[PDB]
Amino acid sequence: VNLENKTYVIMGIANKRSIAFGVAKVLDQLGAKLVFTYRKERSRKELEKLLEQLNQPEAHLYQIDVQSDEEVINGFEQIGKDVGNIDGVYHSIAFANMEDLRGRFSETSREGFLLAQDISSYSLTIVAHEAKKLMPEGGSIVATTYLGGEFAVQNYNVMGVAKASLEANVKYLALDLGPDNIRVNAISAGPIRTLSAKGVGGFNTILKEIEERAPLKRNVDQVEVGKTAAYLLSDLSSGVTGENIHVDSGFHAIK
């Protein structure tokens, strides 16, 4: 593309291995102004250190726990006060407990099921609503999903149902904001070594299955997700909404 004079909000960089950091690098390289949101003080610390590798002349950092309507509302409001209107949001946030992930799915607790939904799916809805106010002439919103939202994948358990929820959330949001010229899409990333990935049982062996079985016979990386993100966040993908692009070496397409 080329993304000068554009401003994107990126949510969910924890460290250098975060998918959303792959997005950040690509967008930053393409001329975009970036604004970053985080939950833990530690993620902010990592952000401050990761910005040195970037071209951003300014640190634009905001603490937003997507569990709190107040923090999302006040965050996006302060972002508009600081940078003005924006062109899109990359959503890269999910959560579930260990204790429910390494259960039989049937043994999942209600509080863990809903926690997963709340952070991993609902949060897009409220982010979309608040971000929309900073997009008076339209823009783009991308969330990150995984194929365990379309099929039942051993171990992914509660997070699979939260992804199914997220992928519909995208479709309903696309229907709703469409007339506002806001596009909403999902990237279905293949497995990537991240901090959150350490929490999913059997991650390593799925990695390996991908190399053996996927059409491109290899795994993907954060920058690949970031390149597809730039497509979805740019004018290149006008006409595309409610879509789910698999960035996964073609693994979605086989059995």
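Rigid core (definition): largest C-alpha set, two forms, superposition within 1.5 Å. Numbers for residues come from their place in the sequence shown, where the first is 1.
Per-stretch RMS Cα distance to the displayed form in 8 other deposited structures of this protein, following rigid core alignment, is highest for 208 to 216 when 208 to 216 and 39 to 47 are compared.
The segment moving more, judged by mean Cα distance from this form in 8 other deposited structures of this protein after a core overlay, is 219 to 227 among 56 to 64 and 219 to 227. When the mean C-alpha temperature factors of 1 to 9 and 246 to 254 are read from the deposited coordinates, 1 to 9 comes out higher. Here 223 to 231 and 34 to 42 are compared by their mean Cα B-factor, and 34 to 42 comes out higher. Highest C-alpha temperature factor among 187, 195, 66, 192, as the PDB entry reports it: 195.
When the CA B factors of the chain's modelled residues are split into thirds, the value for residue 78 lands in the highest one. Annotation for residue 109: CA B-factor lies in the lowest third of the chain's modelled residues. In this PDB entry, the Cα temperature factor of residue 136 sits in the top third of its chain's modelled residues, the highest group. Among all modelled residues in this chain, the alpha-carbon of residue 72 has a temperature factor (C-alpha) in the middle third.
Residue 85: CA B factor in the highest third of modelled residues in this chain (values from the PDB entry).
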